[PDB]
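Have a look at the structure below, then the notes.
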Amino acid sequence: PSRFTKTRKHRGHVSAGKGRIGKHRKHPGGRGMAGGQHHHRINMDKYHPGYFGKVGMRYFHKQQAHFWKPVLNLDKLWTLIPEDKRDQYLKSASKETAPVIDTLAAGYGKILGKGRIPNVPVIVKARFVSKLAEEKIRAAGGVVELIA
Amino acid sequence: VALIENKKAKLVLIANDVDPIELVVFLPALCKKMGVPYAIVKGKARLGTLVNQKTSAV
Amino acid sequence: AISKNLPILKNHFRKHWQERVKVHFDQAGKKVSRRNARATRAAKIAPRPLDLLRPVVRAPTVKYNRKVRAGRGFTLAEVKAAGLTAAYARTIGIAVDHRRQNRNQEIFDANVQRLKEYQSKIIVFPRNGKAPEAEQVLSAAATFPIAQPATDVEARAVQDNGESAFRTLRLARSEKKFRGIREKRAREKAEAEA
Amino acid sequence: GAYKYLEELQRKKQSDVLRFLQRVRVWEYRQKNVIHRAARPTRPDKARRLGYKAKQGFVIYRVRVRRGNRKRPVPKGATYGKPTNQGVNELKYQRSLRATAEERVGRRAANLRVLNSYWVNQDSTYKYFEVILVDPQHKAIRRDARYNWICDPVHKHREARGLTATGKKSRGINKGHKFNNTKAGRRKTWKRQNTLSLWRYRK
Amino acid sequence: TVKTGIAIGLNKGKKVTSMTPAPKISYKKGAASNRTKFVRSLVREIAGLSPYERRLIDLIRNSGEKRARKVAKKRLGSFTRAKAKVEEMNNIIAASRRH
RNA sequence: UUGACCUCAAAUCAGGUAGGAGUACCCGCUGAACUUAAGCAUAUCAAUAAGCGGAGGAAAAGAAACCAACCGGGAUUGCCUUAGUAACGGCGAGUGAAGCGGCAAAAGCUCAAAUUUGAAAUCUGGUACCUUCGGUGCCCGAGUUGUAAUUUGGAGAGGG
RNA sequence: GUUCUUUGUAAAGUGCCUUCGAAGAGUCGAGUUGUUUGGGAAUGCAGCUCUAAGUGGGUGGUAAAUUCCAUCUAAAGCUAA
RNA sequence: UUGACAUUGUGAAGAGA
Ligand SMILES: NC[C@@H]1O[C@H](O[C@H]2[C@@H](O)[C@H](O[C@@H]3[C@@H](O)[C@H](N)C[C@H](N)[C@H]3O[C@H]3O[C@H](CO)[C@@H](O)[C@H](O)[C@H]3N)O[C@@H]2CO)[C@H](N)[C@@H](O)[C@@H]1O
Ligand SMILES: NC[C@@H]1O[C@H](O[C@H]2[C@@H](O)[C@H](O[C@@H]3[C@@H](O)[C@H](N)C[C@H](N)[C@H]3O[C@H]3O[C@H](CO)[C@@H](O)[C@H](O)[C@H]3N)O[C@@H]2CO)[C@H](N)[C@@H](O)[C@@H]1O
Ligand SMILES: NC[C@@H]1O[C@H](O[C@H]2[C@@H](O)[C@H](O[C@@H]3[C@@H](O)[C@H](N)C[C@H](N)[C@H]3O[C@H]3O[C@H](CO)[C@@H](O)[C@H](O)[C@H]3N)O[C@@H]2CO)[C@H](N)[C@@H](O)[C@@H]1O
Ligand SMILES: [Mg+2]
Ligand SMILES: [Mg+2]
Ligand SMILES: [Mg+2]
Ligand SMILES: [Mg+2]
Ligand SMILES: [Mg+2]
Ligand SMILES: [Mg+2]
Ligand SMILES: [Mg+2]
Ligand SMILES: [Mg+2]
Ligand SMILES: [Mg+2]
Ligand SMILES: [Mg+2]
Ligand SMILES: [Mg+2]
Ligand SMILES: [Mg+2]
Ligand SMILES: [Mg+2]
Ligand SMILES: [Mg+2]
Ligand SMILES: [Mg+2]
Ligand SMILES: [Mg+2]
Ligand SMILES: [Mg+2]
Ligand SMILES: [Mg+2]
Ligand SMILES: [Mg+2]
Ligand SMILES: [Mg+2]
Ligand SMILES: [Mg+2]
Ligand SMILES: [Mg+2]
Ligand SMILES: [Mg+2]
Ligand SMILES: [Mg+2]
Ligand SMILES: [Mg+2]
Ligand SMILES: [Mg+2]
Ligand SMILES: [Mg+2]
Ligand SMILES: [Mg+2]
Ligand SMILES: [Mg+2]
Ligand SMILES: [Mg+2]
Ligand SMILES: [Mg+2]
Ligand SMILES: [Mg+2]
Ligand SMILES: [Mg+2]
Ligand SMILES: [Mg+2]
Ligand SMILES: [Mg+2]
Ligand SMILES: [Mg+2]
Ligand SMILES: [Mg+2]
Ligand SMILES: [Mg+2]
Ligand SMILES: [Mg+2]
Ligand SMILES: [Mg+2]
Ligand SMILES: [Mg+2]
Ligand SMILES: [Mg+2]
Ligand SMILES: [Mg+2]
Ligand SMILES: [Mg+2]
Ligand SMILES: [Mg+2]
């Protein structure tokens, strides 16, 4: 609010906080991003390197969701199993009745390889899993099932 | 026309004066191919009095 | 100008934007009046529930194809499969969509089921005004909700057939890439006929 | 049904036949008024196709228009502005002569309603058009239920507002990705995406 | 066609019990259509050939056919919409010699 | 000699209609420069101001020559988000939408091209007569260079 | 909620066989010019020039030839919220 | 101002690589 603002502190002092020599003018240096290649060069390199020019390849009519692959890790995994059942399924450690985790229906659809998991087995229903992810699921005695 | 296409008529009378002339000119080439004998006649309005109206064409 | 270390912004306000500016102060009254506009429809519309029955439809692309969605209308196959005509299916309130053909059975089943099951819970008044007093249900879609087809079961046995699920996608995509390269080297192999 | 013959006939215009009909009539059009009454459609099939019927209260008018680039009505050729707006000569109207025709004849009969129009003839100086007007005052059209929507004041001078077949063309109204600009209506759709929407609880 | 049920691949997709819809009338807008096919063929020779159609066939039965496809693509303003006119001329060329 | 026809005229012919105002919003046309780029010409301002034609209570848009490429979706409009993104850009200053998804509201449709051909089944007016947003009978007119029914692609028609 | 009239020597719905199924041009499309667009070998718009087809046609956001695939049916029309 | 294309139809001779 205004009563907190420093411009109430400056009432009575000539020139607000703006200085006697340099004042506060309209647009010294020019409006906006003007002169980035010239008098603002030093600021565009240093804090925005790469800002000028082109790099790489264009894409016409690019629509995201051609690319949709929300990423999930063994780092979590078991979160996708509700809390209480998660206990008894960990207790089971069965190759006979083993919990099914459908990643795509869980908001996901690529499974990555970060972090350790228990020896308890998992049926991983997914699409697009990473090489190291799977192999770590084999350490738990479990499989991955590709779907769409 | 539908008759001449279906071969259900014998004598056709096509008047000389019709604007547009496209309303007709295809018939003498059509009435021959469909084997219906036809006659180009005077009196677009003469053929009409035959049929109770002011004008006729076919 | 340009100073300190700050992200570059893009603020499109050079255009007389202060001309075309919409506050919504009416969000209150555009609701209070959005309600009263619905309230007296159902009044004027009498026991009928404000909306048509709407189908169950899969929804598109690679992102939202997982879920299932209410479509526009029931299409044609399902309407006769529900035992009634299009022209009547709109008189009993139901959504008829003449486009959107049926390429999927599991949906086509559930949808025709959704129709008869609708025809069940209704009561369709006669020509006359002598009718059983008609307590009015306002909702329809929430009276006939749409579940999510259950797919799998809760637990199973590990079936490991010895495949690398990763290596599949490698070989599934490698297959996609080289088709036209392997059809052409067979195309040049059939030219070995001298 | 004789109509489809004329419809396929006319579809061969550079035919040895129609060039005669073309030349003969196009001269007859010039001798007459720029805007004049035609007591019956040159094309009975095309007018048909667009909703012309032979009942009382339908009217057909024929008109000439002046064919080609619009010149800046700028006095010396002097633009008085930046070099991009300097242009005078090679400049194209954003509407078609057909639409220019509908408007000028829609003005002559101020009591009728423009329904549609079709091309008939052209030479270097003129394109020639016949325009279908529907008398909204005439009882035959008022009591005919497949028409009398034109008696609705909504449709007053639908040619000026670009609500005819040509209008929506030039106005650009079509579904699809190519019509994004001016499908919902141009300025409407501009002003829309140029609006700042501020709610009570800001987002 | 037949969906491999895999995340990605050549035919990749989801496996669903495969129905098939009854075709739509709309889908045939080509419409052989007896009345049309006969009415146009009648008209076709009443008005005769047109100044470009004429010198188009003069090109074919004189030097070149590929030559006549050049002018065909130019005059009608497309490639695969030319050949339909070009080959059509080879039909009209059979109105003469081989009956 | 007499009678129609096409076309085209006239009347203080019988009945009507258009104009002008308003302009916040709405459909189009036409169309800037100040300005920004620390100069300036492309660019920006802006598909804006000014000028012009046409409406309604809303206008417009609309039952797809759509979107997608999915297990597909399904008239249009608007909100939310896509997104300051894809892309455009002395690739500089700057500009910049769309498909999906949630919600508001939801509504679908008709002509043209078909022989009633064992019957113009259609219609405007005039007129008396009444029960007068009109109804019947009679009569002139329209109309076969096509008025009615029937059909609109989701079909559908003829037959059986 | 009243009691009439009798609309029906009309109209609509639905089953099955076989045949047929007309669907819009100086248009679509193209070239070029201008303009416009985020639309980039060209987003729309218009001028002139060329000018289609009917298992055809349009779209599929990198131009072309070739081969397929997907999806809609232009160039006529009405409609509340 | 010059060329082209279109308005643009009907004929005849006698000449060009
Ligand atoms: N960045 C976009 C959005 O900006 C918003 O910005 C909010 C704040 O950052 C902003 O605060 C500004 C402050 O930025 C600025 N440097 C100083 C100023 N006094 C503040 O403004 C504040 O105080 C004034 C004075 O009473 C009030 O009138 C104003 O409503 C209030 N927001 O007020 C904004 C709301 O009006 C929020 N950060 C957030 O919703 C989002 O980031
Ligand atoms: N994207 C949709 C829009 O998001 C807006 O919200 C934006 C901002 O409010 C929010 O910005 C917050 C800022 O509020 C807060 N005070 C500081 C915070 N660091 C900012 O976040 C920012 O930095 C973080 C971390 O680096 C990143 O997520 C990202 O670069 C950016 N959002 O980040 C949001 C990114 O969009 C508004 N809610 C609204 O206009 C609209 O929903
Ligand atoms: N082609 C065989 C079948 O023909 C059917 O033909 C339709 C009509 O031709 C058929 O005739 C109906 C009849 O059902 C109903 N009970 C009596 C009614 N008068 C008839 O109606 C019809 O016939 C009259 C002539 O009588 C015509 O004016 C016109 O074709 C139509 N109105 O009734 C069908 C209703 O759909 C359908 N097109 C379809 O079931 C199927 O194609
Ligand atoms: Mg203080
Ligand atoms: Mg002080
Ligand atoms: Mg002091
Ligand atoms: Mg001081
Ligand atoms: Mg002082
Ligand atoms: Mg200070
Ligand atoms: Mg000072
Ligand atoms: Mg200073
Ligand atoms: Mg840059
Ligand atoms: Mg609702
Ligand atoms: Mg004169
Ligand atoms: Mg008349
Ligand atoms: Mg000027
Ligand atoms: Mg100027
Ligand atoms: Mg259109
Ligand atoms: Mg008078
Ligand atoms: Mg006025
Ligand atoms: Mg005005
Ligand atoms: Mg400057
Ligand atoms: Mg300056
Ligand atoms: Mg200066
Ligand atoms: Mg501009
Ligand atoms: Mg203005
Ligand atoms: Mg008013
Ligand atoms: Mg309203
Ligand atoms: Mg409207
Ligand atoms: Mg349709
Ligand atoms: Mg939609
Ligand atoms: Mg550009
Ligand atoms: Mg530069
Ligand atoms: Mg920038
Ligand atoms: Mg812009
Ligand atoms: Mg835009
Ligand atoms: Mg009457
Ligand atoms: Mg009367
Ligand atoms: Mg069409
Ligand atoms: Mg302009
Ligand atoms: Mg262009
Ligand atoms: Mg196709
Ligand atoms: Mg349409
Ligand atoms: Mg409309
Ligand atoms: Mg409406
Ligand atoms: Mg010259
Ligand atoms: Mg010369
Ligand atoms: Mg010449």
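Labels for the structure tokens follow display order: chains A, B, ..., residues from 1 in each chain, ligands from 1.
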
task = May I have all residues of chain D that DSSP, computed from the backbone, assigns to strand (DSSP E), given as a VMD selection string?
result = chain D and resid 35 to 37 58 to 65 113 to 122 127 to 134 196 to 198

Now that the selection is made, can you save its residues with N, CA, C and O atoms as a compact mmCIF listing (two decimals), in the first residue's frame?
# COMPACT_ATOMS: atom_id res chain seq x y z
N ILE D 35 -27.43 -1.09 -65.75
CA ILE D 35 -28.37 -1.79 -64.88
C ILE D 35 -29.73 -1.76 -65.55
O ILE D 35 -30.30 -0.68 -65.78
N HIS D 36 -30.26 -2.94 -65.86
CA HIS D 36 -31.53 -3.06 -66.56
C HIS D 36 -32.24 -4.33 -66.11
O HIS D 36 -31.63 -5.24 -65.54
N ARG D 37 -33.54 -4.38 -66.40
CA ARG D 37 -34.37 -5.52 -66.06
C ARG D 37 -34.32 -6.58 -67.15
O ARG D 37 -34.39 -6.28 -68.35
N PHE D 58 -40.47 -13.30 -57.40
CA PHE D 58 -39.07 -13.44 -57.77
C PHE D 58 -38.80 -12.49 -58.93
O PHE D 58 -39.66 -12.28 -59.78
N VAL D 59 -37.60 -11.90 -58.93
CA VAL D 59 -37.20 -10.94 -59.95
C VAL D 59 -35.76 -11.22 -60.34
O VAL D 59 -34.96 -11.69 -59.52
N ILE D 60 -35.43 -10.97 -61.60
CA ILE D 60 -34.06 -11.08 -62.09
C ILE D 60 -33.66 -9.75 -62.72
O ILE D 60 -34.37 -9.23 -63.58
N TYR D 61 -32.52 -9.21 -62.27
CA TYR D 61 -31.94 -7.98 -62.79
C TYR D 61 -30.55 -8.27 -63.33
O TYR D 61 -29.86 -9.18 -62.83
N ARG D 62 -30.13 -7.51 -64.35
CA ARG D 62 -28.83 -7.68 -65.00
C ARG D 62 -28.03 -6.38 -64.97
O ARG D 62 -28.60 -5.28 -65.09
N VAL D 63 -26.71 -6.51 -64.84
CA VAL D 63 -25.85 -5.39 -64.46
C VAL D 63 -24.46 -5.57 -65.06
O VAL D 63 -23.98 -6.70 -65.24
N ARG D 64 -23.81 -4.45 -65.38
CA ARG D 64 -22.41 -4.39 -65.81
C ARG D 64 -21.53 -3.82 -64.71
O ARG D 64 -21.95 -2.96 -63.93
N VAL D 65 -20.28 -4.29 -64.66
CA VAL D 65 -19.27 -3.74 -63.76
C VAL D 65 -17.95 -3.62 -64.52
O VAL D 65 -17.76 -4.22 -65.58
N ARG D 113 -35.20 -7.96 -51.99
CA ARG D 113 -34.15 -8.55 -51.16
C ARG D 113 -33.25 -9.37 -52.06
O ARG D 113 -33.74 -10.22 -52.81
N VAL D 114 -31.95 -9.10 -52.01
CA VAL D 114 -31.02 -9.84 -52.84
C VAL D 114 -30.89 -11.26 -52.29
O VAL D 114 -30.56 -11.46 -51.12
N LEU D 115 -31.15 -12.24 -53.15
CA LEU D 115 -30.97 -13.64 -52.77
C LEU D 115 -29.62 -14.17 -53.24
O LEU D 115 -28.80 -14.62 -52.42
N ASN D 116 -29.38 -14.17 -54.54
CA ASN D 116 -28.11 -14.64 -55.08
C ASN D 116 -27.92 -14.05 -56.47
O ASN D 116 -28.77 -13.31 -56.97
N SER D 117 -26.80 -14.39 -57.08
CA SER D 117 -26.42 -13.83 -58.37
C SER D 117 -25.49 -14.81 -59.08
O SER D 117 -24.82 -15.63 -58.44
N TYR D 118 -25.44 -14.71 -60.40
CA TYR D 118 -24.57 -15.56 -61.19
C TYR D 118 -24.01 -14.78 -62.37
O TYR D 118 -24.62 -13.81 -62.84
N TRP D 119 -22.85 -15.23 -62.84
CA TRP D 119 -22.18 -14.63 -63.98
C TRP D 119 -22.81 -15.10 -65.28
O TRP D 119 -23.26 -16.24 -65.40
N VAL D 120 -22.82 -14.21 -66.27
CA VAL D 120 -23.35 -14.55 -67.59
C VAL D 120 -22.28 -14.34 -68.66
O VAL D 120 -21.92 -15.28 -69.37
N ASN D 121 -21.79 -13.11 -68.80
CA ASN D 121 -20.90 -12.77 -69.89
C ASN D 121 -19.79 -11.86 -69.38
O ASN D 121 -19.90 -11.27 -68.30
N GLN D 122 -18.70 -11.78 -70.15
CA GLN D 122 -17.69 -10.76 -69.90
C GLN D 122 -16.92 -10.44 -71.17
O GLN D 122 -16.67 -11.31 -72.00
N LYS D 127 -17.62 -7.30 -66.74
CA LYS D 127 -18.22 -8.58 -66.40
C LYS D 127 -19.71 -8.37 -66.24
O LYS D 127 -20.16 -7.31 -65.78
N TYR D 128 -20.50 -9.36 -66.65
CA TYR D 128 -21.95 -9.22 -66.69
C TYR D 128 -22.56 -10.21 -65.70
O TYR D 128 -22.12 -11.36 -65.61
N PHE D 129 -23.56 -9.75 -64.96
CA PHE D 129 -24.15 -10.53 -63.89
C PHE D 129 -25.66 -10.36 -63.88
O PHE D 129 -26.18 -9.28 -64.18
N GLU D 130 -26.36 -11.43 -63.52
CA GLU D 130 -27.80 -11.40 -63.30
C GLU D 130 -28.07 -11.75 -61.85
O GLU D 130 -27.54 -12.74 -61.34
N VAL D 131 -28.89 -10.94 -61.17
CA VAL D 131 -29.02 -10.99 -59.72
C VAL D 131 -30.45 -11.35 -59.36
O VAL D 131 -31.39 -10.80 -59.93
N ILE D 132 -30.59 -12.25 -58.39
CA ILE D 132 -31.89 -12.80 -58.01
C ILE D 132 -32.42 -12.00 -56.82
O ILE D 132 -31.86 -12.06 -55.72
N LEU D 133 -33.50 -11.27 -57.04
CA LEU D 133 -34.15 -10.49 -56.00
C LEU D 133 -35.48 -11.15 -55.66
O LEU D 133 -36.13 -11.76 -56.51
N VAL D 134 -35.89 -11.02 -54.40
CA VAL D 134 -37.07 -11.70 -53.87
C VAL D 134 -37.95 -10.65 -53.20
O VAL D 134 -37.54 -10.03 -52.22
N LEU D 196 -7.65 -7.88 -23.17
CA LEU D 196 -7.08 -8.26 -21.89
C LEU D 196 -8.21 -8.61 -20.93
O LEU D 196 -9.03 -7.75 -20.59
N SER D 197 -8.25 -9.87 -20.49
CA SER D 197 -9.33 -10.37 -19.64
C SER D 197 -8.86 -10.41 -18.20
O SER D 197 -7.98 -11.20 -17.85
N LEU D 198 -9.44 -9.56 -17.35
CA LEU D 198 -9.04 -9.44 -15.96
C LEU D 198 -10.20 -9.87 -15.07
O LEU D 198 -11.28 -9.28 -15.11

query = Using only C-alpha atoms (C1' of nucleotides), which chain F residues lie at most 12 Å away from chain C, written as a count of residues only?
reply = 38

request  = Identify, counting only C-alpha atoms (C1' of nucleotides) and all ligand atoms, the protein, DNA and RNA residues located within 9 Å of ligand 29, and give them as a list in words.
outcome  =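 Counting only C-alpha atoms (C1' of nucleotides) and all ligand atoms, the residues within 9 Å of ligand 29 come out as residues 154 and 155 of chain D; 56, 59, 60 and 61 of chain F; 79 of chain G.
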
request  = Please identify all polymer residues within 7 Å of residue 6 in chain E, counting only C-alpha atoms (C1' of nucleotides), omitting same-chain residues fewer than 4 positions from it, and present them as a PyMOL selection string.
outcome  = (chain A and resi 146-148) or (chain E and resi 12-14)

task = For residue 59 in chain G, list every protein, DNA or RNA residue within 12 Å, evaluated using only C-alpha atoms (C1' of nucleotides), and leave out those in the same chain fewer than 6 positions away; present the list as a PyMOL selection string.
result = (chain D and resi 175-178) or (chain F and resi 64-68) or (chain G and resi 70-74)

inquiry  = What's the separation between CA of residue 45 in chain B and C1' of residue 115 in chain F, in Å to one decimal place?
reply    = 23.4 Å

inquiry  = Need to verify the contact set: residue 181 in chain D, 9 Å, only C-alpha atoms (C1' of nucleotides), exclusion of same-chain residues closer than 3 positions in sequence. Can you return it as number ranges by chain?
reply    = D: 172, 178, 184-186, 189-190; F: 97; G: 37, 43-44

query = Quick one, how far is CA of residue 1 in chain E from CA of residue 110 in chain A?
reply =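 So the two atoms, CA of residue 1 in chain E and CA of residue 110 in chain A, lie 25.5 Å apart.
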
task = Pick out the residues sitting within 7 Å of residue 53 in chain C, and hand them over as a PyMOL selection string; count only C-alpha atoms (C1' of nucleotides), and ignore anything fewer than 2 positions along from it in its own chain.
result = chain C and resi 51+55+93-95+140-141

Neighbourhood of ligand 17 at 10 Å, counting only C-alpha atoms (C1' of nucleotides) and all ligand atoms, reported as a ChimeraX atom specification = /D:74,78-83,85-86 /F:31-33

query = Neighbours of ligand 38 within 10 Å, counting only C-alpha atoms (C1' of nucleotides) and all ligand atoms, as number ranges by chain?
reply = F: 124-127, 136

query = Residues at most 9 Å from ligand 32, using only C-alpha atoms (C1' of nucleotides) and all ligand atoms? Could they come as a VMD selection string?
reply = (chain F and resid 88 to 89) or (chain G and resid 37 39 to 40 42)

query = Any idea which chain D residues end up within 7 Å of chain B if we count only C-alpha atoms, as number ranges by chain please?
reply = D: 1-2, 6, 42
